[PDB]
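Peer 1: Compute the structure for the input listed below.
(chains A, B, C and D, ligands or ions: 5)
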Amino acid sequence: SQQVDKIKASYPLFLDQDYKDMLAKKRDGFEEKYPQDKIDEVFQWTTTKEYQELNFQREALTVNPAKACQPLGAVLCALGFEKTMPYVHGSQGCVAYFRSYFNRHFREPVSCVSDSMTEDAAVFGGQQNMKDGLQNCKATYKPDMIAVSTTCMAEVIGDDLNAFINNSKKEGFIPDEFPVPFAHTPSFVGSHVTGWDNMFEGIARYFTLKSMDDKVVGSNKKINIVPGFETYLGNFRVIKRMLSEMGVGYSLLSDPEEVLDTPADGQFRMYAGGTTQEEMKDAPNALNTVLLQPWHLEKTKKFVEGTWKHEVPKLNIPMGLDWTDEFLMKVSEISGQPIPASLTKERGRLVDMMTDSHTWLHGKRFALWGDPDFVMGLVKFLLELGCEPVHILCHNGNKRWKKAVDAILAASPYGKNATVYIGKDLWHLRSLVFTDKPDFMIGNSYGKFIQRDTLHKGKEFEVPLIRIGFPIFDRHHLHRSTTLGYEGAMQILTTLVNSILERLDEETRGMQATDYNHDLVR
Amino acid sequence: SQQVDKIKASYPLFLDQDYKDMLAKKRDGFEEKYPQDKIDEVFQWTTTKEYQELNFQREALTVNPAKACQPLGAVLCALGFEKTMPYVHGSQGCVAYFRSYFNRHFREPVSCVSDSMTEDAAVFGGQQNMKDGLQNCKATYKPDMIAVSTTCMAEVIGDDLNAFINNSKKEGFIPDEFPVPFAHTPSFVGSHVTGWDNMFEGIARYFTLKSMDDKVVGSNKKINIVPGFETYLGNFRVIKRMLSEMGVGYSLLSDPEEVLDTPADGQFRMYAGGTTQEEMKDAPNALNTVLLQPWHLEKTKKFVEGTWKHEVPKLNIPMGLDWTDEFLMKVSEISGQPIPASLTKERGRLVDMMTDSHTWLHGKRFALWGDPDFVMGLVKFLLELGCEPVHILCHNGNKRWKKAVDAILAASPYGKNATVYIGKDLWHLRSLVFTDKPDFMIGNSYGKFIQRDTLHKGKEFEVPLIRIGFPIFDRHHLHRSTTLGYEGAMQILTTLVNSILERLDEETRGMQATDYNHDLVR
Amino acid sequence: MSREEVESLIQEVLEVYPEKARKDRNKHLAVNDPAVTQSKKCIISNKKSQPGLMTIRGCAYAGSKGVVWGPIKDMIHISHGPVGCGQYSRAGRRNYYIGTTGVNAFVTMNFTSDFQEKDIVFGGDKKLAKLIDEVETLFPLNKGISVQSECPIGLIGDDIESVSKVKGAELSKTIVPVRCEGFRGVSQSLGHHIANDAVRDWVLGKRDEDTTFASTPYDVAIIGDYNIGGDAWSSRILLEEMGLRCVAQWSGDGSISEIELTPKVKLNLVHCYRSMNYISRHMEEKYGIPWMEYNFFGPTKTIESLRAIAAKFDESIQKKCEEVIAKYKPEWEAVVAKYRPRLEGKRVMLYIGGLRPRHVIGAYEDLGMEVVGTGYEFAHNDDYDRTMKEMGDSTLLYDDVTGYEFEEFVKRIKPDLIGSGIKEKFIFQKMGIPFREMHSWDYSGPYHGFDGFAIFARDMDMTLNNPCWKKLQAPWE
Amino acid sequence: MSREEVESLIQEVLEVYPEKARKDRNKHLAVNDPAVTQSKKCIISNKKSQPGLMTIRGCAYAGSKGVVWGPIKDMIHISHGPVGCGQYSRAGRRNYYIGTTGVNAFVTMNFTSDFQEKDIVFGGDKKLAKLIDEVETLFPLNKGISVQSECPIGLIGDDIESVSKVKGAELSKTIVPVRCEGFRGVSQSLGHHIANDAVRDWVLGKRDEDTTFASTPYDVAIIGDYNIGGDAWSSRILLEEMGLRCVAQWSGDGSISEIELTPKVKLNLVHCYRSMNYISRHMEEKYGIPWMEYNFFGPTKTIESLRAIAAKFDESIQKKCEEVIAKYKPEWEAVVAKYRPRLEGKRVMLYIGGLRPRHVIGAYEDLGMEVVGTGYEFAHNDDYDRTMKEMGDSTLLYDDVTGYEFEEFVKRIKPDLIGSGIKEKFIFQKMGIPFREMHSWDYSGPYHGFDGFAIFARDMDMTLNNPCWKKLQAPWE
Ligand code: ICS
Ligand code: CLF
Ligand code: CLF
Ligand SMILES: [Fe+3]
Ligand SMILES: [Fe+3]
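Peer 2: Residues are numbered from 1 along each chain as shown, chains lettered A, B, ... in the order given. Ligands and ions are numbered 1, 2, ... in the order given. Provided below are the atomic coordinates:
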């Protein structure tokens, strides 16, 4: 039943008495559901340490992973170039999932095409699909460059990208001079950031491998900036703003910020901004190249050092005070441009907010997850705050990254109770936060279920979620935020301190029970 | 009892069994407390419509007001000028309260001095206090200008600021050339924004009343900007950035953004930035003058039109979509500078976020309070969102402003269930939100108590608080936010939509009871 | 109505493509004539998509894991292969259920085998067995395991049928292998077919020899309703207000015991023909269970469906049906009175998957809304046979439309409202045209039944009459 | 000792001021000599502030309304006058209480008369009577009304004493007029005096003829503890563990019945001498109740205070005192063992209005912290007489210090930690020196008692050893 003046959606419509009676009859009659006492017993068992010991002995099953496959990162890298179509050689369901997943995160149109390989290609390959797809895409969507990645289908069948594209060009399906870079992105190797790295290395190799003869290092007085897999527009904005305030010439390679933030003014822009082909062709003439996320840009680093002969600096991600300082000092050294007074003022303001919020931030315990560079930057920042990371988990991390994070933790007394986990999933983390309860989690939307589980154990056992990372599905416009630089550190500190204050207000809102500590001023 | 490894502050230390037994024994023995049933009965009575009818018949008592007194706004206006000391003629307790209150809001040092008038001054007046205080302040803190306001003490005794300052100058206590503007700021008239208006009008009259002979309107090709009482640094910053993007020459009179956001770099800067005396002296040569908050800048408008002969535009506060458009079009018309493409893109992006969050924002019911210009801008923006404000309350508003807000309401179908209240306090609003429950409140930190009361009636009756306005005490660094322009509209939309999503997640977190609607994607 | 203009637009849109793609896509575009009963003479469907034209279709894994098997709450579904698949399909579809997540319900979770290089090189049967043992260890109260294959499973020589048989015999557990590799078929429809075949082969016949379930002459099974936003629930109550008893619902909020009990019902009420007609026909062939289609979108179709369903039974059920009709008449009449005046005469274009494009038109017509163009991602010619008589004259029909084609059609026709998926939503919002998601329902709902009609009307009104759509043009331009 | 270095610093800081201000401020600055027990020969206090030197002092209204009367939870306190006063004083002081806010407790609320021009011109007695009637109407379970005057009340000739008498006789209600106008006195001290006089005149003696209260030889009254962050509670439990019975608690978490019952106790334990010695002496004179001062800041001072208090009763209370000491010894010993190594040898400067700048020293010394300088906003010469024996030789003393003076003192002395109010916090944080608010405890606490010592130690460690303080210098300067 619905009242026309106050219509109810599923919540709280299905909390009506008739619907509850219906659900009770259904469950008791035909679902053959386990008794509630058995369910409670099993849940309580799953919150225990013995269950955790069983859970961490897993070798074959993965529950609730925190990573994606390579072609997603390849598509994200491809979208960062001017009028470039992402072209994924393989099956179409992969492209449908990529498009929907980026649509839910960015809440923006995301363009990508497939060649729709089917059971026929499973024995013949995808030459015909490649030719027809390149011709159709070029004729229909009018792009300047087609950047080709692969699905696991073509990878297993061993489709030869270079041969396919060459045969497409020599038979007239696409013009010979037309830029078609390619990269193999196997989904059973690495993760989405590995796909980003492979795609960028492929594009760079396509544009500069065969024309190094006339290239002189440093002859354009610019700095190449490679961001890596990045789903915050504000990071691109802050890096450009910080470089521009310094008066430093720069080239931002694979810059997708415009195409993911087009205005709603009555027309659809499939392409917007991006890195030009001229910029990519001229990049080897730069003074040097900076990788913002070095721990998933290793193949790109090998190509840039081996071929462009750029002495790539050993820099961490510019997250937090010390690493932003190191990044800016390295830029000042390479370009010869002194650090301006505005940046000094901004750093002082960030320090001021730190000293203002330190009392509330001291000693708080955090579990957290995400991509390796983001995780290590967040851990360094939390150590700079006086906070205590305890469960540091990176599903797509490796052993060298683990060693570096351990070295970072050892340098601070606040990392004494911290453990770093690689290869583990969110179910492992659920066990970790049940058996050693922290104060808050920092992660993507998938953590919300974990919060639910903790709230089911009790209000005193609930671990609140803080949404920093990728993907963020159940909140709006958080992809506009910034985590890099002093501005990123400022927003992260504001978010953390205000989450702590909000939790404190929730805990002390009880009239005549806990509201003695419900202070007006905090 | 305390465990050294896990020390408890007052919450939850006083929830221990021994403390609970102590408190119960104290209450039962000596407090002579009313029985709990009577307390519950009286609270339930206070949540009723009959109690609301009794509450709105009040004529003499004010409970929990939402306004301050004039010298606070006078001090805020004074701090916006370069190396200027706020000097309040009267009693020192007022200065102590002003300093503490601004310190708690801005979390920054705030400088102001008193002349410490006592019963002796209550009998003979405060000439001697004025002379000694001006001499001492000038000799000690070395400011370029001393801006003088008054407390209710000197206002009641009728101290003459002009005569006191003149006698101070002619007797050599301070140099004759030394700028000492003054303004009467009676606390029993108007509110803090009235004090801001009086202080600014006094300063403008001091610097330009006697030198209008050689002034030519529009001869400096600039626009005077008068913001009014403003406690968001982001508003000053966004207005300056937006004017700079258009390539429009401007003068920002009473700009306190620097002195309230100084770096913490090892030294204390009592003064920083501000409007120069030269800028104030040259203001009458501008093309025109814009008041950002016209509804508390009426005396300033009268002075600027009557003396500077500037045709002040009839503009609302640039809040939301339509009013930002009108403000920028008026700026383009007055300066002759076309609106740039970056501003067009930003407006389109705000439109995009609006259409992205419209489904969740539609039909939500809001009760709000604050200063009149901020209130009406927020109301207009809420109409632009498809939202329904119901209780619009402005303690310091007037009747003409109420007619303006009613006219804005009638222009939209979404304001059909809205009522505007002037002269009412937060207890009236507590009754309003009990008897006609809205979805959320928008207001300052004082609203948190109201939320507490609603939560005491039940979880289904709780009205969540949204902290937009002044003062904000129980959260950190929210004074850095922005509410003006497209940027401010974007932040306001993000805050509203994510508060709605956060409440929805809270209501839907119960496992096997409501967690069926606990969606990953929203 | 302007019939000649429609095919002229089709030709001009066709012009851009190369000759092969143009000849292929020409057969998938049509002008509707309600007098035509055989759709094969006007439109072709269920064909491979053209490479590089940015189709909307999914894969067979989406049709099997994400659509049919996923809603089963008390079973654990293992995405067998690399990690991307189950991650992108995790909790993306609002298939609602009641249960304790992680203890007795596993819908919103992502179980996967997460292949690396070594699993591709040497196979993954041993790791599948080890994974099954680990699933048994850490999730004891599940009631069955399904193994949804991804592309490498079929590409390399894995044989999960034998592993499933051995592990099920060893553990006394129902383990269902599903060969739903993404490269099979052309869309999600073959995923539906494979899922139904697996269901008949490994689940349906468990209780064939069991007669302990007490049956009544009023036993029905809701087939092809996946409880999107609670849709199935809003249907079930009405059927139980008519005096019926629903043993099972497929498959939203569904349980394996309900599927096993399905062969004991007296009537199979099929909501989604396209995804469950296979098992409906199999049940009619093997158990003699009659099945009929029904429509619960809008008051008119709901009333007609209820009257037909009651006509399948005795007089008492018919009288209860009339009582239900009379009880719910004022509510939807009030909904129409409040919302019909604000949506009279507006025009809608729909592009949805296999059922809803023709199947929600009646609800729009109940609001005085005209559907001027509709299309399917993966439908068959029989769905179009129903569609043509459901739609009006000279309205546009289109199968497996491309993004370019659909954008051009929207630019020319200029509808007031567009209903499609998440991959079109922001494209057409930035064009200034109101958009409603027709899969997750813009994360609102339910829309089925009388209670869902009010929510449907409210959502359409709130999106189409939104004040945002009058503000996209800057006042200075 | 560097006593000459300190006097020279005093002179150089003195140099800036004009002659009159320099001559006055010279008497308020001093070098500590613990052998001197007559502070008047060394320092002057309780005088008017020099105009325009940015003093820290408040007003008499703050001393009466904000300090003494405000904590009384079951009474309603009306800020009589314009709106600013009670608004700026609302819920700024963490005086904790148990109650139902708005029903039986009214501490965090702002009741005011909110004068306009007409009230100033014609007076506000009629408005006061009407306000009292409205307060009775909308807050029936209140147990008394206080009327705190602001500056215009005394400047316009309002007679609230007669109105209070008439309305109290009419309504059978206790109405207390308090002439605490901000321009009386020089600071909050006269506010304390006026509030104590009002309490004596209108509240204390109501139950002088009432003998129904059953008394015990173990009856004490906690006077001058305002339950800052629960401070008073952390004291009371210890007194209850020693075998005492606490009738009343002035005035944090206090009730009017407790104040009325106070004249029946056997001993008055005064924590804040400065704000309540007046009523303590009055009660000794009138009722013969002895009163003694105690200190519960840190284990050493609280052990000494507990032993001294138990010495006032029989041997059973002494045995219970020793039991309490033995019970709490390991906890504060563990606190010392954990935190003393982190804070050995550091130096602190304090500036708090009365009593606390000297009572908190012992806790700092228990943490091995040296207090190298201390001062009061509004203390008297008796407070300095008690002070001078508790600080080190050649340590810095200063009364009603200005912002300039204190900034220069901090620059020259360079302390590791500074404890003062909100108006100094950010000033000295931007200078790179750790700061602790010693009025509100940086919104933490309590600090009184054994349980408060752990929190105090943790807070001092967390602020002084904060990694932020090593990062204010950017690496490129
Ligand atoms: S199953 Fe089918 S695409 Fe019949 S695969 Fe698809 S929850 Fe659609 S038009 Mo998403 S044949 Fe269901 C469908 Fe219809 S996922 Fe849902 S909305 S009624
Ligand atoms: S058509 Fe369908 S969704 Fe595509 S793979 Fe095939 S079953 Fe799966 Fe999962 S892992 Fe990633 S997304 Fe693919 S490329 Fe290898
Ligand atoms: S010394 Fe003390 S605080 Fe000052 S006024 Fe006097 S009692 Fe009060 Fe309230 S209203 Fe404002 S702040 Fe004053 S100027 Fe008139
Ligand atoms: Fe968008
Ligand atoms: Fe600050």
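Peer 1: For the residue of the stretch 201-350 of chain C found nearest ligand 4, which residues count as its bridge partners?
Peer 2: Residue of the stretch 201-350 of chain C nearest ligand 4, by C-beta to the ion: residue C:349 (20.9 Å). Every residue, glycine included, has its C-beta placed from N, CA and C. With DSSP bridges as the criterion, residue C:349 is bridged to residue C:373, residue C:418.
Peer 1: measure it to residue D:411 for me?
Peer 2: In this view, residue C:349 and residue D:411 are 74 Å apart by C-beta to C-beta, to the nearest Å.
Peer 1: Could you check which of these two has the larger neighbour count?
Peer 2: residue C:349 (25 against 14; other C-beta atoms under 10 Å in any protein chain shown).
Peer 1: Check the gap between the more buried one and ligand 1 for me.
Peer 2: Distance of residue C:349 to ligand 1, given as C-beta to the nearest ligand atom, to the nearest Å: 15 Å.
Peer 1: Based on its surroundings, how many neighbours for residue C:37?
Peer 2: Neighbours of residue C:37 (other C-beta under 10 Å): 10.
Peer 1: Apologies, that question was intended for residue A:404.
Peer 2: 16.
Peer 1: In this structure it contacts residue A:376, no?
Peer 2: Yes - using C-beta atoms under 8 Å as the test, residue A:404 is close enough to residue A:376 to be in contact (7.1 Å).
Peer 1: circling back: residue C:461 versus the residue of the stretch 201-350 of chain C closest to ligand 4, what's the distance?
Peer 2: On the measure of C-beta to C-beta, residue C:349 and residue C:461 end up 18 Å apart.
Peer 1: cool, residue A:451 as well?
Peer 2: 34 Å.
Peer 1: Which one of these two is surrounded by more residues?
Peer 2: It is residue A:451, of residue A:451 and residue C:461, that has more neighbours when counted by other C-beta under 10 Å, with 20 against 17.
Peer 1: Wait, a helix at the more buried one?
Peer 2: Yes - according to DSSP: H, G, I helix; E, B strand; the rest coil, the state of residue A:451 is that of a helix.
Peer 1: May I ask you to confirm that it is in contact with residue A:464?
Peer 2: Yes - judged on C-beta under 8 Å, residue A:451 makes contact with residue A:464 at a distance of 6.5 Å.
Peer 1: Pull up the overlap in contacts between these two.
Peer 2: Common neighbours of residue A:451 and residue A:464 (criterion: C-beta atoms under 8 Å, 6 or more residues apart in numbering or on different chains): residue A:441.
Peer 1: My guess is the residue of the stretch 201-350 of chain C closest to ligand 4 contacts residue C:374. True?
Peer 2: Yes - between residue C:349 and residue C:374 a contact is recorded at 7.2 Å, counting by C-beta under 8 Å.
Peer 1: Between these two, which contacts overlap?
Peer 2: residue C:396.
Peer 1: ok, the residue of chain A found nearest chain C to residue C:377 distance?
Peer 2: Of all residues in chain A, residue A:93 sits closest to chain C, at 2.5 Å by C-beta to the nearest C-beta. Counting by C-beta to C-beta, the gap from residue A:93 to residue C:377 is 12 Å.
Peer 1: Between the two, tell me which one has more neighbours.
Peer 2: Neighbours per residue, other C-beta under 10 Å: of residue A:93 and residue C:377, the larger number sits with residue A:93, 31 against 24.
Peer 1: Show me the strands in chain C, by range?
Peer 2: C:29-31, C:76-80, C:111-112, C:145-149, C:175-178, C:219-225, C:245-251, C:267-270, C:291-293, C:347-352, C:370-376, C:396-399, C:417-420, C:435-437 (DSSP state E).
Peer 1: Select, out of those strands, the one closest to residue A:163.
Peer 2: strand C:145-149 (29.0 Å; C-beta to C-beta).
Peer 1: Show me what the closest one is packed up against.
Peer 2: When contacts are defined as 3 or more C-beta pairs under 8 Å, 6 or more residues apart in numbering or on different chains; DSSP states H and E, strand C:145-149 packs onto strand C:76-80, helix C:125-138, helix C:160-171, strand C:175-178.
Peer 1: for the strands of chain C, which one ends up most surrounded?
Peer 2: Using mean count of other C-beta atoms under 10 Å in any protein chain shown, the stretch among the strands of chain C with the largest mean neighbour count is strand C:145-149, at a mean of 29.
Peer 1: Pull up the pairing partners for that one, direction included.
Peer 2: Assessed with DSSP bridges, strand C:145-149 is paired to strand C:76-80 (parallel), strand C:175-178 (parallel).
Peer 1: got these as TSV, with distance to residue A:166 columns?
Peer 2: Shown next, in TSV, are the strands paired with strand C:145-149 (distance: least, C-beta to C-beta, whole Å):
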stretch	distance to residue A:166
strand C:76-80	35
strand C:175-178	39
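Peer 1: Out of those, which is closest to ligand 3?
Peer 2: strand C:76-80 (67.3 Å; C-beta to the nearest ligand atom).
Peer 1: Just the helices from the stretch 201-350 of chain C, written as ranges.
Peer 2: Here the stretch 201-350 of chain C has its helices, by DSSP state H, counting those that start in this stretch, at C:231-241, C:256-261, C:273-287, C:299-311, C:315-339.
Peer 1: Same question for the stretch 351-477 of chain C.
Peer 2: C:356-359, C:361-366, C:381-390, C:403-413, C:422-430, C:449-464.
Peer 1: As JSON lines, the ones you listed with distance to residue C:218 would be great.
Peer 2: What follows is those, written out as JSON lines (distance: least, C-beta to C-beta, whole Å):
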{"stretch": "helix C:356-359", "distance to residue C:218": "26"}
{"stretch": "helix C:361-366", "distance to residue C:218": "27"}
{"stretch": "helix C:381-390", "distance to residue C:218": "28"}
{"stretch": "helix C:403-413", "distance to residue C:218": "45"}
{"stretch": "helix C:422-430", "distance to residue C:218": "40"}
{"stretch": "helix C:449-464", "distance to residue C:218": "19"}
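Peer 1: out of those helices, nearest to chain D?
Peer 2: Chain D lies closest, by C-beta to the nearest C-beta, to one member of the helices of the stretch 351-477 of chain C: helix C:449-464, at 37.4 Å.
Peer 1: Buried residues, that closest one. List them.
Peer 2: If you call a residue buried by 16 or more other C-beta atoms under 10 Å in any protein chain shown, then helix C:449-464 has these buried ones: C:449-464.
Peer 1: ok, these vs ligand 4, which is closest?
Peer 2: For the buried residues of helix C:449-464, the nearest to ligand 4 is residue C:463 (15.4 Å; C-beta to the ion).
Peer 1: And the closest residue to the closest one other than its chain neighbours, how close does it get to ligand 3?
Peer 2: Leaving out its chain neighbours, the residue that sits closest to residue C:463 by C-beta to C-beta, 6 or more residues apart in numbering or on different chains is residue C:434, at 4.8 Å. According to C-beta to the nearest ligand atom, residue C:434 and ligand 3 sit 53 Å apart.
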